[PDB]
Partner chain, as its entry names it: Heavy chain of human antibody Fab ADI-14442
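Shown here is one chain on its own, the form deposited without the partner chain, set out as structure tokens.
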């Protein structure tokens, strides 16, 4: 069950109740296609059917050639930098070593699936998915009558097109993608082949079920890497996701700009939480994915990739409790750009409505059912179908769940608009606080010095004549000379 909370105080919303499926590792398998070596059908003649065979064979040779040519070859800025197909390319590299083909080839002589062991002790599951060598050499050529250069049956033409088609399609895909494709098409790996790969994978049964029930997500997170074509074998590496973290709680944070609503223009200050994205519990910490559009949601299941994540302390959620909490420094940006917009959440819509913008929420049957005032506000998707902010109409998500509106003072009201560090892109609550402290301290020290300097004594006149101190003034010493002052008590 999905629940959502809108925080009026920070113009943000948390959607929770989701369950994780995090890509944490990779599994590499080797897909092979057996190939024939034959050169051109070596006859000419008149037969119209043989031309069709020859033209299909020329498509076969063009693909083989072309594959041989290929063989010869807010907070996102905080993320690290991975090498996504490093695991798959390392296996491909081993495959170019001499001999390596014979192991895969001899291990697949009787069977179309066998676990092979290679240089570097690597052990990868390999399978055969198509045998054009058998079709061309022992089924096609033996019926090509040579003294006539003819075949008798039009069925052969269609049969050859059908078994050659998969090779041509894999070749087109590799040719347009420099030998690396993602998502992995059904030409590289059929559903039956992919589901079989998953069931024979050394993973837990819960992992097998997850992947089998979401095979289309697995395809999107997988790579096909062209490797080698030699010795009557085409081989490419499929790099499949490993979901090592599953069924932990996830929650999505949505954020929108929170601005003061003074009527004078340029008067207003703004604050936006910058920590928007997906959050999932993971091994005592929290995996944070700033680029929430990259994660993929199927019902209540969130498929994210740990390569696109930061590992954060569990206290990061305290920013949803109290943005001024002392346990975690909550990330924000500051500005004076109070433009209007909406953020469509899992179960509603945050509306930042500023200036003269017209902002409403509507129901398909009743029309406008809420008119927003200036500020940051929220509406649930229950009974609401669209929101309009200015000239932009948005459809809200109609997934089922429950929203709670958490009322509170907008925190932008706590800031003095004339000592507010605006134009901070990657700031935090404490960094903003420290800039404000320094500004107020320089005002305080200045006034304290100007008030204390009155209790001290300015320089006497500079006229070559001596002064003494009396009733806050300098008076000439000479007016006291010549007198004998006798204390008479």
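Numbering follows the first chain given and starts at 1.
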>> In terms of residues present in the deposited sequence but not modelled, what lies between residue 73 and residue 74: none, 1 to 3, 4 to 9, or 10 or more?
In response: 10 or more
> Which is higher on average in the deposited entry, the C-alpha temperature factors of 158 to 166 or of 366 to 374?
Replying inline: 158 to 166
> Higher mean Cα B-factor in the deposited model: 9 to 17 or 464 to 472?
Replying inline: 464 to 472
> At the C-alpha atoms, which of 115, 237, 361, 350 reaches the highest B-factor in this entry?
Replying inline: 115
>> If I read the C-alpha B-factors straight from the PDB entry, which of 322, 275, 231, 385 is highest?
In response: 231
> Where does residue 268 sit by CA temperature factor within its chain: lowest, middle or highest third?
Replying inline: middle
>> Based on the deposited C-alpha B factors for this chain, I'd like to know if residue 3 is in the lowest, middle or highest third.
In response: lowest
>> Using only modelled residues of the chain, where does the Cα B factor of residue 306 rank: lowest third, middle third or highest third?
In response: lowest
>> Looking at the temperature factor on the CA atom of residue 130, which third of the chain's modelled residues does it land in?
In response: highest
>> Can you tell me whether residue 179 has a C-alpha B-factor in the lowest, middle or highest third compared with the other modelled residues of the same chain?
In response: middle
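Only in words, not in the display: the form solved in complex with the partner chain, which the text now covers.
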> Pick from 368 to 376, 120 to 128, 140 to 148, 227 to 235: which stretch has a heavy atom within 4.5 Å of the partner chain in the bound PDB entry?
Replying inline: 120 to 128
> Does at least one non-hydrogen atom of residue 99 fall within 4.5 angstroms of the partner chain in the bound PDB entry?
Replying inline: no
> Is residue 199 close enough to touch the partner chain in the bound PDB entry, meaning at least one heavy atom pair within 4.5 Å?
Replying inline: yes
>> Given that the partner chain is not shown alongside this chain, does residue 111 nevertheless sit within 4.5 Å of it in the bound PDB entry, heavy atom to heavy atom?
In response: yes
> In sequence order, which positions of 21 to 42 have a non-hydrogen atom within 4.5 Å of the partner chain in the bound PDB entry?
Replying inline: 27
